[PDB]
Amino acid sequence: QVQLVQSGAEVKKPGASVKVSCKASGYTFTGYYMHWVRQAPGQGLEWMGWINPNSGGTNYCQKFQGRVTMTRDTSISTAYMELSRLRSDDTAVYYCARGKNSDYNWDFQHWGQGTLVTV
Amino acid sequence: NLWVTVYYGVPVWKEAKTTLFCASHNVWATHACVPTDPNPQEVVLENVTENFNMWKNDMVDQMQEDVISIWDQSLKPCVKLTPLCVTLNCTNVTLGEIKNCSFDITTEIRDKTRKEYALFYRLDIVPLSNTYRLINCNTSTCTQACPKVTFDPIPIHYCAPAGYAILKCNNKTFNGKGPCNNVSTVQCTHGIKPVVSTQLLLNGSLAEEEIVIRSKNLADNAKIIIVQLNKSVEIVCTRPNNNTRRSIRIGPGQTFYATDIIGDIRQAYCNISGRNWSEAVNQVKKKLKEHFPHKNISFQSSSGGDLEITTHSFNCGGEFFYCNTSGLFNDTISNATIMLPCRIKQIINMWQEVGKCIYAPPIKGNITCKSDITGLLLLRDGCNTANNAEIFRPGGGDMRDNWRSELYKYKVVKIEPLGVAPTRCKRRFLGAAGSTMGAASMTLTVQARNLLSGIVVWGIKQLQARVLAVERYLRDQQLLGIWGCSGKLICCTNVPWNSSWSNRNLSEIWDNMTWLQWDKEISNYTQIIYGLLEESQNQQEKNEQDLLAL
Amino acid sequence: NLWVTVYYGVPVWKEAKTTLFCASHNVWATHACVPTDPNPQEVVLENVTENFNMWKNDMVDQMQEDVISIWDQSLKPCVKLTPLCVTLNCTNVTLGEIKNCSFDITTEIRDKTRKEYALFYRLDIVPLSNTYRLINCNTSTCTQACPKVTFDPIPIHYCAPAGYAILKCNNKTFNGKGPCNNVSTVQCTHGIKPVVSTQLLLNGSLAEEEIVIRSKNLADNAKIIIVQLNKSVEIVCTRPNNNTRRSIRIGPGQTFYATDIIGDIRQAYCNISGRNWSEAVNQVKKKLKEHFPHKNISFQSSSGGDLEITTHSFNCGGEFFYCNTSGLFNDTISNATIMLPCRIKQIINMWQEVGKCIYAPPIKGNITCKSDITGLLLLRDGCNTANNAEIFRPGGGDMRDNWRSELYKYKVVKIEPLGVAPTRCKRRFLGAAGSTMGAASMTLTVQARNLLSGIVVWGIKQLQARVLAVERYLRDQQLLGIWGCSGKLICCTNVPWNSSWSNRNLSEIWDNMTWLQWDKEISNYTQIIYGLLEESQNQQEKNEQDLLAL
Amino acid sequence: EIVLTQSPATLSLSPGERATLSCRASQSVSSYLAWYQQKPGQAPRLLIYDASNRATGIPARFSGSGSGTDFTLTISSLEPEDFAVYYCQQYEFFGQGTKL
Ligand SMILES: *[C@@H]1O[C@H](CO)[C@@H](O[C@@H]2O[C@H](CO)[C@@H](O[C@@H]3O[C@H](CO[C@H]4O[C@H](CO)[C@@H](O)[C@H](O[C@H]5O[C@H](CO)[C@@H](O)[C@H](O)[C@@H]5O)[C@@H]4O)[C@@H](O)[C@H](O[C@H]4O[C@H](CO)[C@@H](O)[C@H](O)[C@@H]4O[C@H]4O[C@H](CO)[C@@H](O)[C@H](O)[C@@H]4O)[C@@H]3O)[C@H](O)[C@H]2NC(C)=O)[C@H](O)[C@H]1NC(C)=O
Ligand SMILES: *[C@@H]1O[C@H](CO)[C@@H](O[C@@H]2O[C@H](CO)[C@@H](O[C@@H]3O[C@H](CO[C@H]4O[C@H](CO)[C@@H](O)[C@H](O[C@H]5O[C@H](CO)[C@@H](O)[C@H](O)[C@@H]5O)[C@@H]4O)[C@@H](O)[C@H](O[C@H]4O[C@H](CO)[C@@H](O)[C@H](O)[C@@H]4O[C@H]4O[C@H](CO)[C@@H](O)[C@H](O)[C@@H]4O)[C@@H]3O)[C@H](O)[C@H]2NC(C)=O)[C@H](O)[C@H]1NC(C)=O
Ligand SMILES: *[C@@H]1O[C@H](CO)[C@@H](O[C@@H]2O[C@H](CO)[C@@H](O[C@@H]3O[C@H](CO[C@H]4O[C@H](CO)[C@@H](O)[C@H](O[C@H]5O[C@H](CO)[C@@H](O)[C@H](O)[C@@H]5O)[C@@H]4O)[C@@H](O)[C@H](O[C@H]4O[C@H](CO)[C@@H](O)[C@H](O)[C@@H]4O)[C@@H]3O)[C@H](O)[C@H]2NC(C)=O)[C@H](O)[C@H]1NC(C)=O
Ligand SMILES: *[C@@H]1O[C@H](CO)[C@@H](O[C@@H]2O[C@H](CO)[C@@H](O[C@@H]3O[C@H](CO[C@H]4O[C@H](CO)[C@@H](O)[C@H](O[C@H]5O[C@H](CO)[C@@H](O)[C@H](O)[C@@H]5O)[C@@H]4O)[C@@H](O)[C@H](O[C@H]4O[C@H](CO)[C@@H](O)[C@H](O)[C@@H]4O)[C@@H]3O)[C@H](O)[C@H]2NC(C)=O)[C@H](O)[C@H]1NC(C)=O
Ligand SMILES: *[C@@H]1O[C@H](CO)[C@@H](O[C@@H]2O[C@H](CO)[C@@H](O[C@@H]3O[C@H](CO)[C@@H](O)[C@H](O)[C@@H]3O)[C@H](O)[C@H]2NC(C)=O)[C@H](O)[C@H]1NC(C)=O
Ligand SMILES: *[C@@H]1O[C@H](CO)[C@@H](O[C@@H]2O[C@H](CO)[C@@H](O[C@@H]3O[C@H](CO)[C@@H](O)[C@H](O)[C@@H]3O)[C@H](O)[C@H]2NC(C)=O)[C@H](O)[C@H]1NC(C)=O
Ligand SMILES: *[C@@H]1O[C@H](CO)[C@@H](O[C@@H]2O[C@H](CO)[C@@H](O)[C@H](O)[C@H]2NC(C)=O)[C@H](O)[C@H]1NC(C)=O
Ligand SMILES: *[C@@H]1O[C@H](CO)[C@@H](O[C@@H]2O[C@H](CO)[C@@H](O)[C@H](O)[C@H]2NC(C)=O)[C@H](O)[C@H]1NC(C)=O
Ligand SMILES: *[C@@H]1O[C@H](CO)[C@@H](O[C@@H]2O[C@H](CO)[C@@H](O)[C@H](O)[C@H]2NC(C)=O)[C@H](O)[C@H]1NC(C)=O
Ligand SMILES: *[C@@H]1O[C@H](CO)[C@@H](O[C@@H]2O[C@H](CO)[C@@H](O)[C@H](O)[C@H]2NC(C)=O)[C@H](O)[C@H]1NC(C)=O
Ligand SMILES: *[C@@H]1O[C@H](CO)[C@@H](O[C@@H]2O[C@H](CO)[C@@H](O)[C@H](O)[C@H]2NC(C)=O)[C@H](O)[C@H]1NC(C)=O
Ligand SMILES: *[C@@H]1O[C@H](CO)[C@@H](O)[C@H](O)[C@H]1NC(C)=O
Ligand SMILES: *[C@@H]1O[C@H](CO)[C@@H](O)[C@H](O)[C@H]1NC(C)=O
Ligand SMILES: *[C@@H]1O[C@H](CO)[C@@H](O)[C@H](O)[C@H]1NC(C)=O
Ligand SMILES: *[C@@H]1O[C@H](CO)[C@@H](O)[C@H](O)[C@H]1NC(C)=O
Ligand SMILES: *[C@@H]1O[C@H](CO)[C@@H](O)[C@H](O)[C@H]1NC(C)=O
Ligand SMILES: *[C@@H]1O[C@H](CO)[C@@H](O)[C@H](O)[C@H]1NC(C)=O
Ligand SMILES: *[C@@H]1O[C@H](CO)[C@@H](O)[C@H](O)[C@H]1NC(C)=O
Ligand SMILES: *[C@@H]1O[C@H](CO)[C@@H](O)[C@H](O)[C@H]1NC(C)=O
């Protein structure tokens, strides 16, 4: 089986920054892209971006450009996401997800438990 | 009425997965490759419309394996820098990118050691308050490129084995996906240079008609967009330094090459005419707009990632280095020549293979490379802004996309020379593809004669290919023999035509339809007919024996 | 009038470059070789005069590669003497050619070391005031010959693959360059011993008629002169010492074999009867005089060079050693047996390969080798003296010249079974080479039947050869099929003979000329005819279909 | 860009019944769609992909279809366990989803 294990919930002050980890297991870490998406507290889900562990390549949603950054460490099969200049509206559960197929990787079959971050 | 007639050497084919062979002490153009064919025969298949798909072309994956396999083999006998992993006591040479390091080296005699020093780049050094280690010592042992090798991207031609053919899409504006009304057949590909690079594609092929932008799916922001330019843009890169080499003996016939500096230090850089680039950018943006008809277009720098992605990586025929191209992937461009700063690495991790590492020796004297930008790799930011503008960024890293940018015009198929058609009788290169079934029968020899020996780390592939060609040939010949059609090109049989097999007019079949069209309809009963044909000969054989006994 | 007729299995051939295979835990006679053929078939090709050239015979280069390739592979799994490269504290055992050395050895446990000693020859030791190192430690790591191998020069027979044949020059006085009126064909060579030696060639083949002196060019003083003797000269060499071996553990399953001495020390030497040698020398000088009719002849010692050249090198089936032959290459010779002093090396550099090195283990007890001198290598001093005398000296070093001295009688060619001739008609082993075209047609089966499977580090070569044979066979069969001549040996066609192709009398062609002579004249239009033949069948096929449709 | 709209926003349904959920887009995306089930406090789970294929562990009674710009999810033999939120997704674009 496979699984994604995220860090626990976190509380920061406005203007600060948060770092969220996600450990992957059960498969080749560099096999697939890692996606980040946040679930708003009573609303739909908002895609943040993804990272390609093979080269650390990223693609961020335009609206968060300059606020969010992503990286990784293959030696521990763990991905990292960081968001700076936090605002009250950033309160959400940030999910770590992986697609089913390397071809069409938008089929988020595998999910972590989600990390709740607020201000 | 109609009877079964067997035709051998008919111009039909199907997609196939096979192995191609290399046609030329270079790292890539190895001794194991064959001489090239100076006169390719681009036979035009008029009235033939084949469909190509560069995103599912196995040739690309095969290329990738080839390049790596050669690389690894080439460096097999080269010195392993094991003993290098020692405590490094370093000081300074603000361009403090180079550190002078001293260390303890084991001499030829295991019982003896001494002091030695070398210049290393900061990028290759890891802090271990002035003690360091080589970056690779916790991952793998880097192999020093043999002192007598060549990394010049000598173009390689791919050739098919007998029984197979390579189709070319000659439609200058082909998107790399779909029908190609302009199609021809060749025996070999042209010479494609094994250029390893990211972001900007150097020394590649130029578009013949116009700038072409192609992708697997523009709606998928996780995919890379490949753009090929018609007009090249000159870029010159140089490393203006006295990188004098030093030979350090690290073992019994093992020499390590260290860097030294005689004069002062100047950063490496690239020179690209601003006006030139600006024009190219404007043209590309225009073509993009066509796909994104009501939005603005902005070019930005890499969002981030490993150096190999964020910066422009390439081999300057010598020491590998990376350049900062933020001055090109921009909306504000000056006319004046743009200078782009670069940094040099001695320790290189090829491709994305973890545990793989090579060390590059210093090249005495300075280096200057003049090259052309022929295309580049861009990706689009996800989501959408209220500003109605789309942002594109440089990317790459997977060399397969570099190969894909050159091999997109080629497709590999296998020829199926055996065909069956209805006729009114009873017993007792590849240009014909565009011809009707009747006329095409006049070229059966022309085709068939080239399906056996047209051919006259690569060694094993050539040997395997040879055997395969034989197997297929004999198989077909065996069938013709069994059916009593040995040595014939058009063999009328003793088996009557079925009504369930076809409801087409005889005239249409021979005067209008081509063999390709026929195959797609009659293939439904391929095995059915073959069975009957075998039974027929068995009947004939016993009848002959009966008569002979008299 | 005359028409084109196709003949298959005609006795003609051309020079070819192919790969031969080996016919027999020996170092050379490996498990990968095939069983030999006990009955060679020396078919005499009367009236056939082939021209041979030993100085351009690819068989020699192929042999060289074979010998090395095997050697390297054989020693692949043998212990690498890496840890041996330590400080050597040496003393004496005036024959002070052996030194007693002590050193620090690392035990099975990496954390533990101890003292150890061994006897080494001065020639293998380099001063580093009584501290030394092993000579190889600054070049490469010598591999200790595995304790269970055999270096006995077991004769190897070379055999051709199907489609090829080996010709022999049986002219006992052939100079190795020119026509051989006495020629025969065989499937395999005789057993040739892989004897590695310089100066004097041991255990080789003797001349059958007389002493023969041959060279590429006697006017070229940069070339070596090879002389083959008819009468052998006995030479016996011995090493009269108690070289008791000792087993030293230098690693986890790695045993180093050191030399020890129980009794006293005596130098090794060779014994050669003076009278015998003198006679041989006189005979050789006489033959040389024939080429140099008005001058004196003097034999001197080597002008200088590496030990391997200045002295006589050979493997005595055990430890390699070198002998001083200044007592033989002289003008003053005594009748009494001449004793020649020798020295022994433990560390040997094979051939002239830099970085290649092997270590030979000691052989317990003494060794004596009885061998015959069969020939030798001489070179002539440049310039000319007013004394009207020419001086010759011993030489060698390039083993290719040793192989060349045995393989000079063999030549490899490929058979071209397909031939075309003019006849008065219209459609609807290798002994025949000496026969006329007409008569030769009666043996087409005899020849053709042996051009497919006559065969029934060497593994890959055998496999490659098998595939090649098939390719050629099928190619020819395909052509015969296409031309409508399948299964026939003599096939009359429907294509008329051209006047431009030949102006020879029909009678002369069939009754006087041989196929070899014919080929050399008619080959001019080989492709021209083939083209026409293919067109003919195409015409026939459509005509048959036309008739069938009725 | 792509904007996904689903309806009805909410559906009060009973066990044993059958219902379907629509999904529309302003642009043709062929069939590259996916549907996700979302329960309170739980992670999203893939239900349908390619607008035809069931995800692993998903009962046959869960299906759907569509083409171009008009797609619909179909669930038969409705259970109490189906009373969750279902989302329509295309690439990075998420819809609003509906609740059963
Ligand atoms: C996109 O394509 C372009 C080309 O289409 C590529 O650019 C080319 O890159 C190659 C590789 O770096 C360049 O070739 C190299 O040029 C070096 C500079 O030579 C000049 O200075 C020397 C100094 O004395 C002169 O002798 C030279 O003159 C000679 O060569 C010119 C060439 O046309 C002749 O016209 C002259 O008549 C002379 O013959 C030049 O003035 C050059 O030193 C280097 O040579 C070494 O490497 C080659 C590899 O193939 C060896 O064959 C050669 O023997 C040399 O290697 C030996 O010596 C070194 C010295 O230490 C040892 O280390 C080696 O082990 C070995 O002993 C080579 O010729 C080429 O000029 C350049 N062309 C242009 C237009 O830029 C781009 O790089 C490519 N893009 C990418 C990303 O690859
Ligand atoms: C030109 O050609 C001539 C020949 O045409 C070559 O000369 C020959 O060279 C070979 C190789 O050195 C000689 O064979 C070797 O002779 C050794 C001496 O044997 C005698 O003493 C022993 C001591 O007890 C006796 O047992 C022997 O008697 C037996 O053998 C004779 C042989 O005909 C029989 O007739 C008897 O009935 C007995 O059977 C002799 O008296 C000999 O020791 C040596 O044997 C080892 O090597 C061979 C290699 O093929 C092994 O098969 C064999 O098992 C031995 O190897 C084992 O034991 C050693 C001992 O430590 C281990 O180290 C090994 O790992 C292994 O366990 C071998 O027989 C041959 O006699 C000799 N002939 C002549 C006429 O000189 C020239 O060298 C050649 N010129 C050049 C330049 O090469
Ligand atoms: C084998 O050896 C290699 C050696 O490179 C190991 O790879 C290294 O692993 C360590 C382990 O974590 C990495 O350290 C982390 O680095 C990140 C990022 O820093 C790097 O990248 C930045 C890019 O934005 C760059 O700016 C940094 O350079 C600055 O900082 C350095 C540090 O002194 C300074 O010298 C420079 O001048 C710059 O100022 C740098 O290149 C960093 O964010 C991590 O810290 C975070 O996480 C820890 C964990 O809890 C937390 O405590 C911190 O507060 C912070 O949140 C951490 O430093 C190192 O970067 C890796 N090397 C590289 C090149 O990336 C490899 O892992 C070894 N293998 C094995 C199996 O161990
Ligand atoms: C790896 O290790 C090997 C070890 O052998 C290295 O090879 C050696 O390289 C050195 C470097 O030059 C060589 O030294 C030179 O030797 C020549 C000739 O001397 C040798 O050959 C003579 C044959 O006619 C022989 O007589 C000599 O023996 C006598 O002398 C020795 C010396 O003490 C003595 O011990 C003996 O008893 C004899 O008395 C000997 O075998 C010599 O002429 C050179 O000196 C000349 O050049 C220097 C240079 O300017 C000049 O200063 C001198 O005045 C003179 O003009 C020099 O000594 C050595 O000979 C090589 N070894 C062999 C066997 O030839 C190899 O190079 C190493 N590899 C690497 C990469 O370093
Ligand atoms: C490489 O391909 C690009 C594709 O866009 C070519 O761009 C072409 O640029 C010209 C001028 O900017 C465009 O306008 C043309 O101007 C000429 C002027 O006489 C006019 O005759 C044409 O009818 C047209 O107006 C042209 O439209 C544009 N191409 C397209 C498809 O729009 C570029 O020129 C090409 N470069 C080379 C060297 O081929
Ligand atoms: C090996 O070949 C050499 C080639 O020179 C042979 O030399 C031959 O030696 C004899 C005597 O020295 C030469 O003279 C002959 O003497 C006999 C005596 O009866 C006589 O009958 C002959 O007519 C001749 O005079 C002989 O000329 C010489 N050969 C040549 C070509 O000159 C040597 O004998 C050969 N050895 C063996 C064992 O074959
Ligand atoms: C990328 O483009 C931006 C503008 O679109 C450049 O910013 C300008 O930089 C020049 C000098 O470097 C300043 O004088 C301008 O005022 C800057 N523009 C603005 C709006 O501030 C930026 O420098 C470009 N990047 C590179 C590497 O050239
Ligand atoms: C491709 O299609 C064209 C159109 O039918 C073919 O041209 C015809 O060829 C026949 C052959 O005898 C002629 O009788 C017609 O008059 C031709 N029509 C035209 C408009 O030229 C063409 O031959 C086809 N290609 C091949 C290889 O058959
Ligand atoms: C073997 O070959 C040699 C030449 O290599 C032949 O020597 C010929 O002998 C006759 C005898 O008078 C001379 O006229 C020729 O000129 C010699 N040839 C050369 C090239 O000098 C010798 O006859 C041949 N022997 C046989 C049996 O064929
Ligand atoms: C090589 O030949 C020369 C003579 O041609 C030998 O020199 C003679 O050696 C013996 C004793 O060794 C002396 O008695 C003679 O007086 C020497 N001759 C002259 C003219 O002085 C020389 O010894 C020979 N070399 C060998 C190794 O035997
Ligand atoms: C080699 O040439 C000789 C000389 O011509 C051939 O011998 C002749 O063979 C024909 C064949 O019937 C005879 O009629 C002649 O009488 C023979 N002449 C002599 C002098 O014997 C010999 O046959 C040729 N070799 C081959 C294989 O044909
Ligand atoms: C695209 O850029 C031009 C530049 O002036 C601007 O006028 C136009 O409105 C932009 N398009 C959109 C959709 O904003
Ligand atoms: C070059 O100068 C011209 C002057 O009118 C200007 O219009 C153009 O935009 C400039 N281009 C660049 C790339 O600076
Ligand atoms: C072949 O002919 C028979 C004749 O009755 C017919 O039943 C059958 O369906 C035809 N087709 C095949 C595939 O056998
Ligand atoms: C028969 O033809 C139909 C046409 O669509 C095809 O689907 C079917 O697979 C064919 N059957 C065989 C055995 O080829
Ligand atoms: C050759 O040697 C003999 C030996 O006596 C001598 O008489 C003759 O003159 C020498 N030849 C020449 C050309 O000196
Ligand atoms: C051997 O002795 C005889 C005695 O007359 C002499 O002529 C001959 O030259 C001597 N040969 C050698 C090699 O000493
Ligand atoms: C073949 O015959 C034709 C007949 O005219 C003649 O012109 C031609 O030169 C002959 N030779 C060749 C090679 O075609
Ligand atoms: C034709 O014969 C002549 C004879 O010398 C030869 O030189 C020429 O090369 C031959 N042409 C061909 C095509 O074989």
# chains A, B, ... in the order shown; residues from 1 in each chain; ligands from 1
>>> interface_residues(of="chain B", to="chain A", cutoff="7 Å", atoms="only C-alpha atoms", output="VMD selection string")
chain B and resid 303 to 306 352 381 to 385 397
>>> residues_near_ligand(ligand="ligand 12", cutoff="8 Å", atoms="only C-alpha atoms and all ligand atoms", output="ChimeraX atom specification")
/B:294-297,387-389
>>> closest_residue(among="C:75, C:237, C:339, C:268", to="ligand 2", atoms="only C-alpha atoms and all ligand atoms")
C:237
>>> residues_near_ligand(ligand="ligand 15", cutoff="12 Å", atoms="only C-alpha atoms and all ligand atoms", output="VMD selection string")
chain B and resid 500 to 502 519 to 528
>>> interface_residues(of="chain D", to="chain B", cutoff="10 Å", atoms="only C-alpha atoms", output="list in words")
residues 1, 2, 27, 28, 29, 90, 91, 92 and 93 of chain D
>>> closest_atom_pairs(of="chain C", to="chain B", cutoff="8 Å", atoms="only C-alpha atoms", output="JSON lines")
{"residue": "C:83", "atom": "CA", "partner": "B:110", "partner_atom": "CA", "distance": 7.5}
{"residue": "C:85", "atom": "CA", "partner": "B:109", "partner_atom": "CA", "distance": 5.5}
{"residue": "C:86", "atom": "CA", "partner": "B:109", "partner_atom": "CA", "distance": 5.2}
{"residue": "C:87", "atom": "CA", "partner": "B:111", "partner_atom": "CA", "distance": 6.4}
{"residue": "C:133", "atom": "CA", "partner": "B:109", "partner_atom": "CA", "distance": 7.7}
{"residue": "C:136", "atom": "CA", "partner": "B:252", "partner_atom": "CA", "distance": 7.7}
{"residue": "C:137", "atom": "CA", "partner": "B:252", "partner_atom": "CA", "distance": 5.4}
{"residue": "C:138", "atom": "CA", "partner": "B:252", "partner_atom": "CA", "distance": 4.9}
{"residue": "C:139", "atom": "CA", "partner": "B:253", "partner_atom": "CA", "distance": 4.7}
{"residue": "C:140", "atom": "CA", "partner": "B:252", "partner_atom": "CA", "distance": 4.6}
{"residue": "C:141", "atom": "CA", "partner": "B:252", "partner_atom": "CA", "distance": 6.4}
{"residue": "C:355", "atom": "CA", "partner": "B:253", "partner_atom": "CA", "distance": 7.1}
{"residue": "C:464", "atom": "CA", "partner": "B:463", "partner_atom": "CA", "distance": 7.3}
{"residue": "C:467", "atom": "CA", "partner": "B:467", "partner_atom": "CA", "distance": 7.1}
{"residue": "C:471", "atom": "CA", "partner": "B:453", "partner_atom": "CA", "distance": 7.3}
{"residue": "C:475", "atom": "CA", "partner": "B:453", "partner_atom": "CA", "distance": 7.0}
{"residue": "C:478", "atom": "CA", "partner": "B:449", "partner_atom": "CA", "distance": 7.5}
{"residue": "C:479", "atom": "CA", "partner": "B:449", "partner_atom": "CA", "distance": 8.0}
{"residue": "C:481", "atom": "CA", "partner": "B:487", "partner_atom": "CA", "distance": 5.3}
{"residue": "C:482", "atom": "CA", "partner": "B:487", "partner_atom": "CA", "distance": 6.9}
{"residue": "C:484", "atom": "CA", "partner": "B:487", "partner_atom": "CA", "distance": 6.8}
{"residue": "C:486", "atom": "CA", "partner": "B:487", "partner_atom": "CA", "distance": 6.8}
{"residue": "C:534", "atom": "CA", "partner": "B:445", "partner_atom": "CA", "distance": 7.5}
{"residue": "C:538", "atom": "CA", "partner": "B:442", "partner_atom": "CA", "distance": 7.1}
{"residue": "C:541", "atom": "CA", "partner": "B:490", "partner_atom": "CA", "distance": 6.9}
{"residue": "C:542", "atom": "CA", "partner": "B:442", "partner_atom": "CA", "distance": 8.0}
{"residue": "C:545", "atom": "CA", "partner": "B:490", "partner_atom": "CA", "distance": 7.6}
{"residue": "C:548", "atom": "CA", "partner": "B:425", "partner_atom": "CA", "distance": 5.5}
{"residue": "C:549", "atom": "CA", "partner": "B:425", "partner_atom": "CA", "distance": 5.0}
{"residue": "C:550", "atom": "CA", "partner": "B:425", "partner_atom": "CA", "distance": 7.4}
>>> interface_residues(of="chain D", to="chain A", cutoff="10 Å", atoms="only C-alpha atoms", output="PyMOL selection string")
chain D and resi 32-36+41-50+55-56+85+87+89-97
>>> atom_distance(atom1="CA of residue 82 (chain B)", atom2="CA of residue 135 (chain C)")
23.5 Å
>>> select_by_dssp(residues="region 456-519 of chain B", states="strand (DSSP E or B)", output="JSON, numbers by chain")
{"B": [490, 491, 492, 493, 494, 495, 496, 514]}
>>> write_last_selection(atoms="C-alpha atoms", output="mmCIF file, in the first residue's frame")
data_model
loop_
_atom_site.group_PDB
_atom_site.id
_atom_site.type_symbol
_atom_site.label_atom_id
_atom_site.label_comp_id
_atom_site.auth_asym_id
_atom_site.auth_seq_id
_atom_site.Cartn_x
_atom_site.Cartn_y
_atom_site.Cartn_z
ATOM 1 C CA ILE B 490 1.029 -13.734 -57.560
ATOM 2 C CA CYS B 491 -0.308 -17.189 -56.819
ATOM 3 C CA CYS B 492 -3.788 -18.282 -57.837
ATOM 4 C CA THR B 493 -5.073 -21.040 -55.560
ATOM 5 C CA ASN B 494 -7.703 -23.801 -55.549
ATOM 6 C CA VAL B 495 -9.771 -22.247 -52.769
ATOM 7 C CA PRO B 496 -13.019 -20.415 -53.737
ATOM 8 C CA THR B 514 -5.188 0.564 -52.377
#
>>> residues_near_ligand(ligand="ligand 13", cutoff="9 Å", atoms="only C-alpha atoms and all ligand atoms", output="CSV table (one decimal) with N, CA, C and O atoms, in the first residue's frame")
chain,number,residue,atom,x,y,z
B,274,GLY,N,20.4,41.7,-27.8
B,274,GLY,CA,19.1,42.0,-27.2
B,274,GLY,C,18.1,42.1,-28.3
B,274,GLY,O,17.1,41.4,-28.3
B,275,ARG,N,18.4,42.9,-29.3
B,275,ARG,CA,17.5,43.1,-30.4
B,275,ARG,C,17.0,41.8,-31.1
B,275,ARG,O,15.8,41.6,-31.3
B,276,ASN,N,18.0,40.9,-31.3
B,276,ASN,CA,17.7,39.6,-31.8
B,276,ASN,C,16.7,38.9,-31.0
B,276,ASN,O,15.7,38.4,-31.5
B,277,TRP,N,17.0,38.7,-29.7
B,277,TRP,CA,16.1,38.0,-28.8
B,277,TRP,C,14.7,38.6,-28.8
B,277,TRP,O,13.7,37.9,-28.9
B,278,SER,N,14.7,39.9,-28.6
B,278,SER,CA,13.4,40.6,-28.6
B,278,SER,C,12.5,40.3,-29.7
B,278,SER,O,11.3,39.9,-29.5
B,279,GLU,N,13.0,40.3,-30.9
B,279,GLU,CA,12.3,40.0,-32.1
B,279,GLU,C,11.7,38.6,-32.0
B,279,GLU,O,10.6,38.3,-32.3
B,332,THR,N,10.8,43.0,-20.3
B,332,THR,CA,11.6,44.2,-20.6
B,332,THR,C,12.9,43.8,-21.2
B,332,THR,O,13.7,43.2,-20.5
B,333,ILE,N,13.1,44.2,-22.4
B,333,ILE,CA,14.3,43.8,-23.2
B,333,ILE,C,15.0,45.0,-23.8
B,333,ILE,O,14.3,45.8,-24.4
B,334,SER,N,16.3,45.1,-23.7
B,334,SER,CA,17.1,46.1,-24.3
B,334,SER,C,17.6,45.7,-25.6
B,334,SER,O,17.7,44.5,-25.9
B,335,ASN,N,17.9,46.7,-26.5
B,335,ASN,CA,18.5,46.3,-27.8
B,335,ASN,C,20.0,45.9,-27.7
B,335,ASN,O,20.4,45.0,-28.4
B,336,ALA,N,20.7,46.4,-26.7
B,336,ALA,CA,22.1,46.1,-26.5
B,336,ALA,C,22.3,44.7,-26.1
B,336,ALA,O,21.4,44.0,-25.6
>>> residues_near_ligand(ligand="ligand 9", cutoff="6 Å", atoms="only C-alpha atoms and all ligand atoms", output="list in words")
residues 171, 173, 174, 175, 181 and 182 of chain C
